[PDB]
Number of protein chains: 20
Amino acid sequence: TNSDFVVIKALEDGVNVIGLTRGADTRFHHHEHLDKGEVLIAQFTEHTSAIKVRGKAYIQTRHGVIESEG
Amino acid sequence: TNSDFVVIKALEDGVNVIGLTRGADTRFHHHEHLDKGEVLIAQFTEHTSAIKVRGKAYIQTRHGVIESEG
Amino acid sequence: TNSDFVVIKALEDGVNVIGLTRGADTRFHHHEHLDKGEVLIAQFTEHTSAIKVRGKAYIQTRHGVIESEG
Amino acid sequence: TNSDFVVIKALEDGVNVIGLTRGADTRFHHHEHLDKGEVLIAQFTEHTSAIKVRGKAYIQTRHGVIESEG
Amino acid sequence: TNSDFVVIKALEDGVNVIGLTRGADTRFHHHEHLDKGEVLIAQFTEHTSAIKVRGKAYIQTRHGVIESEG
Amino acid sequence: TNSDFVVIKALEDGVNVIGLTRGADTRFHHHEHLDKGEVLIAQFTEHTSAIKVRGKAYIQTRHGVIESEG
Amino acid sequence: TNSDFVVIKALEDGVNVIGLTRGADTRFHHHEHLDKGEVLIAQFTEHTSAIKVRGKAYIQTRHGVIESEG
Amino acid sequence: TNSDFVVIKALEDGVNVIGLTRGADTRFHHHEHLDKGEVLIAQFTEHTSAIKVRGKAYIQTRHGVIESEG
Amino acid sequence: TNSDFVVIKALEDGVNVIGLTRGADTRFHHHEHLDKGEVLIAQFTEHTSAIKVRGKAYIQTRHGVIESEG
Amino acid sequence: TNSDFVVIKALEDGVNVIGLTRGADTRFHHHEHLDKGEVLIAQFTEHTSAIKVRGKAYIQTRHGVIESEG
Amino acid sequence: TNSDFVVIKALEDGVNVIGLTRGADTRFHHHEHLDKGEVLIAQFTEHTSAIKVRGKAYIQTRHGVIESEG
Amino acid sequence: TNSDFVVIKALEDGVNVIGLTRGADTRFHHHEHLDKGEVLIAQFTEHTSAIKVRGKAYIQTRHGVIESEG
Amino acid sequence: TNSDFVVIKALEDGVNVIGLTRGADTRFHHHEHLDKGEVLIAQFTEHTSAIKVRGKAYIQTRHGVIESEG
Amino acid sequence: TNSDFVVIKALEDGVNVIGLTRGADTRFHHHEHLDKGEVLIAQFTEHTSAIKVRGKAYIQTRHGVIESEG
Amino acid sequence: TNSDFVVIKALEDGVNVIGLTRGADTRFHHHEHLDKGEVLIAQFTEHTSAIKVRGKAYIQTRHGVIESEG
Amino acid sequence: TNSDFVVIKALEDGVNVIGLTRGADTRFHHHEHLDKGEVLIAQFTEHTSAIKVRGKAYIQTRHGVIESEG
Amino acid sequence: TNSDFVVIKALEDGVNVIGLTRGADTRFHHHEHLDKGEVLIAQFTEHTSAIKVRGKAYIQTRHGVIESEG
Amino acid sequence: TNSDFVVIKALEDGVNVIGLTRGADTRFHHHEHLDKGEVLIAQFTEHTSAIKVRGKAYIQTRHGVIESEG
Amino acid sequence: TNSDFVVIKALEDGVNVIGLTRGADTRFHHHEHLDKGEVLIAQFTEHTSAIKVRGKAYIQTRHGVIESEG
Amino acid sequence: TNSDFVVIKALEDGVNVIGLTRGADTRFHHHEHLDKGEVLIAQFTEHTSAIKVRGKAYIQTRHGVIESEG
Ligand SMILES: [Co+2]
Ligand SMILES: [Co+2]
Ligand SMILES: [Co+2]
Ligand SMILES: [Co+2]
Ligand SMILES: [Co+2]
Ligand SMILES: [Co+2]
Ligand SMILES: [Co+2]
Ligand SMILES: [Co+2]
Ligand SMILES: [Co+2]
């Protein structure tokens with residue numbers, strides 16, 4: 001349910017990180033803006049079950065490294 | 001149950017991700033649209049048992065990497 | 001009982017994925033149709049114990065990769 | 001008691017998979033027919049403690065791969 | 001929820017480490033200043049769910065090493 | 001709510017007819033397979049409010065005749 | 001719910017007319033066999049919602065005339 | 001339900017008209033014999049849901065005229 | 001259930017009009033004899049559900065005109 | 001039961017119009033005499049279910065015009 | 001029972017219009033005298049079930065136009 | 001009893017319209033005077049069951065147009 | 001008693017529309033003045049049973065169009 | 001009292017649409033202003049029994065099309 | 001009250017559709033924006049008694065077709 | 001509230017059909033995506049009062065045929 | 001809420017002043033017509049929170065003078 | 001609500017000053033006539049919220065001087 | 001909290017004015033559309049705390065004059 | 001606490017306006033995005049005590065005009 005995290009590094013100005021709500025109905029719960037060079041370490045919690053990343057960014061997860069260009 | 005997640009990156013405009021309900025009767029409970037470049041990190045929960053992906057996409061799971069061509 | 005999943009990619013149109021009921025009695029409980037190129041990430045739940053795959057498909061499990069040619 | 005499974009692929013027409021009942025007395029529980037090319041993913045449960053395979057088949061388990069020639 | 005930590009080393013003067021709150025609402029909860037050379041070992045707790053790092057820094061996590069340039 | 005029906009004739013193999021559930025939440029209810037040449041007469045009821053047709057088919061309604069090319 | 005009927009004339013031996021059950025669940029509830037030349041005038045009732053016709057037959061409804069070639 | 005009727009004229013000796021019961025179990029509940037030239041005007045009721053006609057006969061319904069050759 | 005009528009004109013001496021009983025069991029309820037040139041206008045009621053006409057006669061119904069030669 | 005009527009015009013002296021009773025038993029209830037030229041507009045009621053016309057007369061009903069020659 | 005009417009125009013002096021009674025027994029309930037050129041619009045009601053017209057008159061009903069020469 | 005009306009236009013001075021009462025007894029209840037060129041739209045109501053028109057007038061009813069030459 | 005309306009267009013200055021009361025006793029209850037060109041759509045209601053039009057006007061009803069010259 | 005509507009199109013600037021009260025006393029209840037080109041679809045209700053249109057306008061009703069020139 | 005709808009197609013960008021409330025008071029309740037090419041099918045309900053259309057649009061109703069130019 | 005339906009055929013990929021909520025508040029309640037060639041028959045219910053169509057589509061209603069070009 | 005006013009002078013015929021309601025919901029509450037040369041002094045009150053001015057007009061407020069060119 | 005006044009000087013005979021009511025519903029509550037040369041000092045009060053001036057007049061308020069030409 | 005206002009003049013067609021909600025959470029509470037030349041005088045109230053203006057407009061506040069070019 | 005406001009105009013794309021909470025703890029409470037040209041008029045309230053502006057913007061307060069360059 002918990003105890004797993006992602007590492008997101010912003011490779012450009014204005015990168016959006018959106019957390020979707022946990023439960024029967026899914027809606028936006030929070031978002032964060034990151035500037036060029038920022039690093040965020042985010043954890044899965046009792047109110048967040050999905051994470052969307054908009055903008056150019058570099059992401060590290062247990063399954064490896066990925067790059068978003070949104 | 002929980003504590004396991006998939007990583008989906010959209011390689012083209014209009015990628016659809018559909019979540020299926022947990023219980024005896026199975027029916028669509030939510031869908032998400034992804035544009036070219038966006039990344040979604042999704043978790044299995046008490047209201048999601050299966051995940052369906054339509055469109056050209058790149059998927060990372062604990063068992064490896066796969067690509068959907070739909 | 002839970003917390004393990006399979007990955008199924010349909011290599012041809014009309015692939016059938018059938019789930020069998022958990023309990024003293026056994027019969028069909030649901031099935032899903034997959035079009036060419038689609039990917040399903042399915043789990044094991046309290047109402048499903050066995051999974052049958054009909055049609056040409058590519059399967060990833062904890063024990064490796066297999067190909068069904070039904 | 002749970003959380004373990006086997007993967008059986010039928011290499012010929014008419015492959016039989018038999019489940020044996022869990023409890024003080026051991027007795028047949030159900031049988032399944034597989035045609036050439038199909039795949040079954042079967043889990044150990046609280047109503048099934050042993051699994052028997054008749055016919056030419058290819059089996060993947062945690063301990064490796066085996067081939068039945070019955 | 002717990003039992004995981006990050007290691008941050010400040011590679012320049014004036015590095016800021018910000019902790020975010022665990023709960024229904026997300027709010028800034030605390031920040032720490034690091035001078036050129038200091039090392040902070042920070043854990044995930046019941047009152048913390050995310051950590052942001054502003055400034056040039058070297059970060060070690062379970063998923064590897066990253067560098068923030070901001 | 002009742003006393004209205006549609007006539008569907010399958011012009012090709014594998015035509016799918018899907019019923020959508022009546023109520024606050026809209027969800028799949030049942031699907032039917034039609035082979036080349038068969039005819040189905042379906043009625044609107046208190047458990048079905050919408051009907052979806054996939055595949056090459058010929059449809060007669062109170063408003064006239066239509067042809068689906070799916 | 002009622003008060004509407006269809007006319008089915010069998011143009012060949014062994015024409016099958018199947019009635020599906022009205023309710024939350026759907027399954028076969030009755031079927032009738034028609035010999036060559038026979039005519040059935042069937043209604044819609046509280047236990048029947050849909051009608052399926054297998055075999056070569058001539059059908060008259062409020063929307064016109066159709067021919068099944070199953 | 002009621003308030004709808006059919007007109008059958010026998011064009012040969014030995015025409016049989018069979019009525020089917022209204023309810024869950026469908027069952028023949030009565031039959032009538034018609035000789036060459038006789039006319040029967042029959043109505044749908046709370047104990048009749050379907051009507052079957054064997055023999056050479058001329059039938060008039062709200063949807064038009066049909067002829068049975070049985 | 002009611003409120004519909006037939007018009008019968010006797011084209012020869014001794015024309016018999018028979019009314020069958022309404023209910024689970026069907027038996028003769030009444031009959032009338034008509035002489036040449038006479039006209040009867042008959043209504044469907046709570047005790048009559050079917051009508052037989054024996055002898056040469058001219059009949060008008062909502063569906064059109066028919067001639068009996070019984 | 002009601003809400004329908006016939007129009008009878010007497011084309012010769014001495015025309016008889018007979019009403020039959022509505023109920024379990026059928027019995028003559030009333031008769032009327034019409035002279036050459038008179039017009040009677042008669043309704044169907046709770047105490048009448050059939051109408052018989054003896055003598056030369058011209059009759060108009062919802063189904064058209066008829067002539068009694070008796 | 002109600003809600004229908006006839007239109008009578010008197011073509012000669014002294015035209016009689018007689019209304020018969022509704023119930024088990026039939027008797028004259030009222031009558032009206034019309035002079036040449038007058039027009040009466042008369043409705044079927046809870047106390048009138050049949051209408052007789054004596055005298056030369058022109059009558060319009062839902063079934064058409066008739067002329068009384070009594 | 002309601003929901004039906006007539007249209008009367010006076011083609012000459014002094015046209016009288018008389019309304020008759022609804023019930024067991026029938027007596028004149030009201031009259032109206034119309035001057036040349038004037039139009040009255042009158043309805044059948046709970047207290048009116050018949051209408052007389054004296055004088056030269058033009059009348060429109062559901063059954064057509066008539067002219068009173070009084 | 002309701003659900004039926006008339007359309008009145010005034011073709012000259014000072015056109016009068018008078019409403020008559022619904023009940024045992026009949027009297028004027030409202031006058032309406034229309035100027036040259038105005039259009040009124042008026043409904044039959046629980047307090048109005050007849051409508052009287054004075055002046056030059058054009059009237060549309062279910063039975064057709066009429067001209068008032070009062 | 002409901003279930004009937006009018007369609008008004010304004011052919012000039014400043015067109016007034018007035019609704020009159022439903023009941024014993026009749027007074028103004030509301031008005032609407034329309035500009036050159038606007039279309040209003042208005043319904044009869046529990047508080048409106050008449051509608052008056054002032055100004056140049058094009059009106060469609062169940063009885064046909066009219067034009068106001070106020 | 002219910003059970004009647006209009007079809008509005010936007011022929012240009014920025015078409016406004018306004019619904020007016022049902023009750024003693026009349027107020028603007030909701031509006032909808034339509035862009036060029038969009039079709040809206042709108043029903044009459046318990047909270048809507050009038051519909052106002054601003055902008056160039058094509059409207060279909062039971063009375064025919066109209067065009068707004070606002 | 002019920003007993004009416006529309007027929008939508010999708011002439012291009014990704015056609016959106018949106019349903020609006022019934023009540024004092026109006027908001028998006030559900031939507032459906034249609035592929036090129038697919039046909040949806042949709043009914044008006046007690047949770048839906050309006051329908052929007054986005055994309056190139058062909059629509060059949062009681063008032064005729066329309067084409068959306070959104 | 002009070003103690004503040006605006007001065008509006010009409011520079012042309014037909015100037016409309018509209019007052020909006022104070023509360024959670026916002027609907028038009030009253031409007032006023034001004035002819036050329038006329039002057040209105042209006043106050044903000046417990047029931048008014050906004051004022052719209054349509055038409056060519058000259059407005060004085062505490063912040064200065066403005067001109068509406070509607 | 002108080003403590004603010006306007007000064008009105010009449011520049012011609014017959015100048016009208018109209019006071020509007022303070023409350024949910026707005027109506028005239030008082031008219032004042034001024035002759036050529038007279039001066040009125042009027043206060044905003046608990047029963048007056050707006051003031052309308054008709055005629056040629058000179059007005060002084062806190063925002064300056066205005067001239068009415070009505 | 002109250003007793004202050006802004007003056008907005010629309011310099012172009014389609015200017016949007018949005019009012020945000022007063023309280024712990026901020027959301028769109030109402031909006032208004034302005035056509036070219038219209039003027040709105042808007043007050044701060046117990047349910048509005050912030051105002052956004054989209055579109056070309058001219059704004060007067062206690063701090064001076066500003067022009068929005070959105 | 002209240003009764004004072006700031007005026008912010010966005011001079012470039014992507015301007016952020018952040019509100020801080022009133023109470024014992026200071027935390028971010030809300031943010032707003034402004035596009036190039038938009039104007040926001042924001043008040044001080046019971047839930048807000050400070051306002052930060054990120055991005056190129058033009059600000060008007062009681063103390064004068066300021067320009068943010070960030
Ligand atoms: Co944001
Ligand atoms: Co969607
Ligand atoms: Co299936
Ligand atoms: Co077997
Ligand atoms: Co027999
Ligand atoms: Co006999
Ligand atoms: Co007499
Ligand atoms: Co007005
Ligand atoms: Co809007």
# chains A, B, ... in the order shown; residues from 1 in each chain; ligands from 1
call {"tool": "select_by_dssp", "arguments": {"residues": "chain E", "states": "strand (DSSP E or B)", "output": "ChimeraX atom specification"}}
result
/E:5-10,15-20,28-34,39-43,50-54,57-61,64-68
call {"tool": "residues_around", "arguments": {"residues": "range 23-34 of chain L", "least_positions_apart": "4", "cutoff": "9 Å", "atoms": "only C-alpha atoms", "output": "number ranges by chain"}}
result
K: 29-30, 45-47; L: 9-10, 12-19, 38-40, 47-49; M: 24-26
call {"tool": "write_last_selection", "arguments": {"atoms": "N, CA, C and O atoms", "output": "JSON list (two decimals), in the first residue's frame"}}
result
[["chain", "number", "residue", "atom", "x", "y", "z"],
["K", 29, "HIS", "N", -86.14, 8.48, -22.94],
["K", 29, "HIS", "CA", -85.60, 9.31, -21.87],
["K", 29, "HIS", "C", -85.79, 10.80, -22.12],
["K", 29, "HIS", "O", -85.90, 11.56, -21.16],
["K", 30, "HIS", "N", -85.85, 11.21, -23.38],
["K", 30, "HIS", "CA", -86.04, 12.60, -23.77],
["K", 30, "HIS", "C", -86.19, 12.63, -25.29],
["K", 30, "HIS", "O", -85.77, 11.70, -25.98],
["K", 45, "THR", "N", -73.71, 10.33, -23.47],
["K", 45, "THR", "CA", -73.54, 10.70, -22.07],
["K", 45, "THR", "C", -73.86, 9.50, -21.18],
["K", 45, "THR", "O", -74.10, 8.39, -21.66],
["K", 46, "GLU", "N", -73.85, 9.75, -19.87],
["K", 46, "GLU", "CA", -74.07, 8.72, -18.85],
["K", 46, "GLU", "C", -75.52, 8.28, -18.74],
["K", 46, "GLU", "O", -75.79, 7.31, -18.03],
["K", 47, "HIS", "N", -76.45, 8.97, -19.40],
["K", 47, "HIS", "CA", -77.85, 8.61, -19.36],
["K", 47, "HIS", "C", -78.43, 8.34, -20.74],
["K", 47, "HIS", "O", -79.60, 7.96, -20.84],
["L", 9, "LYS", "N", -69.69, 30.87, -36.55],
["L", 9, "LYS", "CA", -69.60, 32.23, -37.07],
["L", 9, "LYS", "C", -70.97, 32.68, -37.55],
["L", 9, "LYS", "O", -71.63, 31.97, -38.31],
["L", 10, "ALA", "N", -71.39, 33.87, -37.11],
["L", 10, "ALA", "CA", -72.69, 34.41, -37.46],
["L", 10, "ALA", "C", -72.63, 35.07, -38.83],
["L", 10, "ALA", "O", -71.87, 36.02, -39.03],
["L", 12, "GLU", "N", -75.37, 36.44, -40.17],
["L", 12, "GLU", "CA", -76.46, 37.40, -40.18],
["L", 12, "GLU", "C", -76.70, 37.87, -38.76],
["L", 12, "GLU", "O", -76.23, 37.25, -37.80],
["L", 13, "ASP", "N", -77.42, 38.97, -38.63],
["L", 13, "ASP", "CA", -77.71, 39.52, -37.32],
["L", 13, "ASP", "C", -78.72, 38.66, -36.57],
["L", 13, "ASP", "O", -79.63, 38.07, -37.16],
["L", 14, "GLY", "N", -78.55, 38.59, -35.26],
["L", 14, "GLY", "CA", -79.46, 37.84, -34.42],
["L", 14, "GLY", "C", -79.38, 36.34, -34.60],
["L", 14, "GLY", "O", -80.32, 35.73, -35.12],
["L", 15, "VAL", "N", -78.27, 35.73, -34.19],
["L", 15, "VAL", "CA", -78.10, 34.28, -34.22],
["L", 15, "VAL", "C", -78.05, 33.80, -32.78],
["L", 15, "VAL", "O", -77.32, 34.36, -31.96],
["L", 16, "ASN", "N", -78.83, 32.77, -32.47],
["L", 16, "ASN", "CA", -78.99, 32.32, -31.09],
["L", 16, "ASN", "C", -78.32, 30.96, -30.90],
["L", 16, "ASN", "O", -78.49, 30.06, -31.72],
["L", 17, "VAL", "N", -77.55, 30.84, -29.83],
["L", 17, "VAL", "CA", -76.86, 29.60, -29.48],
["L", 17, "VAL", "C", -77.33, 29.17, -28.10],
["L", 17, "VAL", "O", -77.21, 29.93, -27.14],
["L", 18, "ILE", "N", -77.84, 27.95, -27.99],
["L", 18, "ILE", "CA", -78.51, 27.47, -26.79],
["L", 18, "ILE", "C", -77.78, 26.23, -26.28],
["L", 18, "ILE", "O", -77.47, 25.33, -27.06],
["L", 19, "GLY", "N", -77.52, 26.19, -24.97],
["L", 19, "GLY", "CA", -76.82, 25.07, -24.35],
["L", 19, "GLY", "C", -77.75, 24.29, -23.43],
["L", 19, "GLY", "O", -78.48, 24.88, -22.64],
["L", 38, "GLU", "N", -69.50, 37.82, -36.21],
["L", 38, "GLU", "CA", -68.86, 37.46, -34.96],
["L", 38, "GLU", "C", -68.63, 35.96, -34.87],
["L", 38, "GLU", "O", -69.34, 35.16, -35.48],
["L", 39, "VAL", "N", -67.62, 35.57, -34.08],
["L", 39, "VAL", "CA", -67.16, 34.19, -33.98],
["L", 39, "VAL", "C", -67.14, 33.78, -32.52],
["L", 39, "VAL", "O", -66.65, 34.52, -31.67],
["L", 40, "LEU", "N", -67.68, 32.60, -32.23],
["L", 40, "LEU", "CA", -67.68, 32.03, -30.89],
["L", 40, "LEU", "C", -67.07, 30.63, -30.93],
["L", 40, "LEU", "O", -67.43, 29.82, -31.79],
["L", 47, "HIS", "N", -71.38, 20.68, -17.54],
["L", 47, "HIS", "CA", -72.77, 21.10, -17.44],
["L", 47, "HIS", "C", -73.48, 21.21, -18.78],
["L", 47, "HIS", "O", -74.67, 21.51, -18.80],
["L", 48, "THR", "N", -72.78, 20.99, -19.89],
["L", 48, "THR", "CA", -73.36, 21.11, -21.22],
["L", 48, "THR", "C", -73.16, 19.81, -21.98],
["L", 48, "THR", "O", -72.04, 19.28, -22.01],
["L", 49, "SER", "N", -74.23, 19.30, -22.58],
["L", 49, "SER", "CA", -74.16, 18.09, -23.38],
["L", 49, "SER", "C", -74.73, 18.25, -24.78],
["L", 49, "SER", "O", -74.56, 17.34, -25.60],
["M", 24, "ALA", "N", -71.83, 26.53, -13.35],
["M", 24, "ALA", "CA", -73.27, 26.48, -13.55],
["M", 24, "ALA", "C", -73.79, 27.78, -14.14],
["M", 24, "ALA", "O", -74.66, 27.77, -15.03],
["M", 25, "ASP", "N", -73.28, 28.92, -13.68],
["M", 25, "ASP", "CA", -73.70, 30.23, -14.16],
["M", 25, "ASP", "C", -72.61, 30.82, -15.06],
["M", 25, "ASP", "O", -71.42, 30.70, -14.77],
["M", 26, "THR", "N", -73.04, 31.45, -16.15],
["M", 26, "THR", "CA", -72.14, 31.94, -17.19],
["M", 26, "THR", "C", -72.14, 33.46, -17.19],
["M", 26, "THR", "O", -73.20, 34.09, -17.22]]
call {"tool": "residues_around", "arguments": {"residues": "residue 65 in chain R", "least_positions_apart": "4", "cutoff": "12 Å", "atoms": "only C-alpha atoms", "output": "ChimeraX atom specification"}}
result
/Q:7,9,39,60,65 /R:6-9,57-61
call {"tool": "write_last_selection", "arguments": {"atoms": "C-alpha atoms", "output": "tab-separated table (two decimals), in the first residue's frame"}}
result
chain	number	residue	atom	x	y	z
Q	7	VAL	CA	-25.85	58.25	-11.39
Q	9	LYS	CA	-28.19	59.49	-17.60
Q	39	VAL	CA	-31.65	60.45	-15.05
Q	60	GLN	CA	-21.04	58.94	-12.65
Q	65	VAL	CA	-17.18	59.29	-15.19
R	6	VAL	CA	-29.64	64.92	-3.57
R	7	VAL	CA	-30.58	68.49	-4.49
R	8	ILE	CA	-33.04	68.95	-7.37
R	9	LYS	CA	-34.00	72.30	-8.91
R	57	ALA	CA	-33.93	69.83	-14.06
R	58	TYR	CA	-30.60	70.59	-12.39
R	59	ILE	CA	-29.25	68.01	-9.94
R	60	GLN	CA	-26.43	68.22	-7.38
R	61	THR	CA	-24.95	65.10	-5.78
call {"tool": "interface_residues", "arguments": {"of": "chain M", "to": "chain L", "cutoff": "6 Å", "atoms": "only C-alpha atoms", "output": "list in words"}}
result
residues 1, 49, 50, 51, 52, 53, 68, 69 and 70 of chain M
call {"tool": "decode", "arguments": {"residues": "range 19-31 of chain R", "atoms": "N, CA and C atoms", "output": "mmCIF file, in the first residue's frame"}}
result
data_model
loop_
_atom_site.group_PDB
_atom_site.id
_atom_site.type_symbol
_atom_site.label_atom_id
_atom_site.label_comp_id
_atom_site.auth_asym_id
_atom_site.auth_seq_id
_atom_site.Cartn_x
_atom_site.Cartn_y
_atom_site.Cartn_z
ATOM 1 N N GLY R 19 -40.017 58.068 -6.384
ATOM 2 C CA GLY R 19 -39.254 57.285 -5.421
ATOM 3 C C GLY R 19 -39.582 55.808 -5.546
ATOM 4 N N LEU R 20 -38.548 54.969 -5.504
ATOM 5 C CA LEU R 20 -38.707 53.532 -5.669
ATOM 6 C C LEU R 20 -38.571 52.815 -4.332
ATOM 7 N N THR R 21 -39.348 51.748 -4.170
ATOM 8 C CA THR R 21 -39.441 51.059 -2.891
ATOM 9 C C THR R 21 -38.164 50.279 -2.588
ATOM 10 N N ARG R 22 -37.888 50.106 -1.295
ATOM 11 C CA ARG R 22 -36.733 49.351 -0.819
ATOM 12 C C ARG R 22 -37.210 47.986 -0.339
ATOM 13 N N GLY R 23 -36.817 46.939 -1.049
ATOM 14 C CA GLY R 23 -37.212 45.596 -0.683
ATOM 15 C C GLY R 23 -36.985 44.640 -1.837
ATOM 16 N N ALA R 24 -37.498 43.421 -1.655
ATOM 17 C CA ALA R 24 -37.345 42.387 -2.674
ATOM 18 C C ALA R 24 -38.050 42.779 -3.967
ATOM 19 N N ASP R 25 -39.243 43.354 -3.856
ATOM 20 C CA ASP R 25 -40.021 43.779 -5.010
ATOM 21 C C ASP R 25 -39.970 45.295 -5.147
ATOM 22 N N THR R 26 -39.850 45.764 -6.386
ATOM 23 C CA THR R 26 -39.629 47.172 -6.684
ATOM 24 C C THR R 26 -40.857 47.748 -7.374
ATOM 25 N N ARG R 27 -41.344 48.877 -6.862
ATOM 26 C CA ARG R 27 -42.488 49.565 -7.441
ATOM 27 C C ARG R 27 -42.434 51.030 -7.034
ATOM 28 N N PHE R 28 -43.212 51.853 -7.733
ATOM 29 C CA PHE R 28 -43.350 53.249 -7.343
ATOM 30 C C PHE R 28 -44.071 53.345 -6.006
ATOM 31 N N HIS R 29 -43.616 54.261 -5.153
ATOM 32 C CA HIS R 29 -44.309 54.528 -3.903
ATOM 33 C C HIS R 29 -44.630 55.998 -3.686
ATOM 34 N N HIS R 30 -44.093 56.905 -4.501
ATOM 35 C CA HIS R 30 -44.404 58.317 -4.336
ATOM 36 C C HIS R 30 -43.949 59.104 -5.555
ATOM 37 N N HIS R 31 -44.774 60.075 -5.949
ATOM 38 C CA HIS R 31 -44.449 61.064 -6.965
ATOM 39 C C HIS R 31 -44.489 62.455 -6.345
#
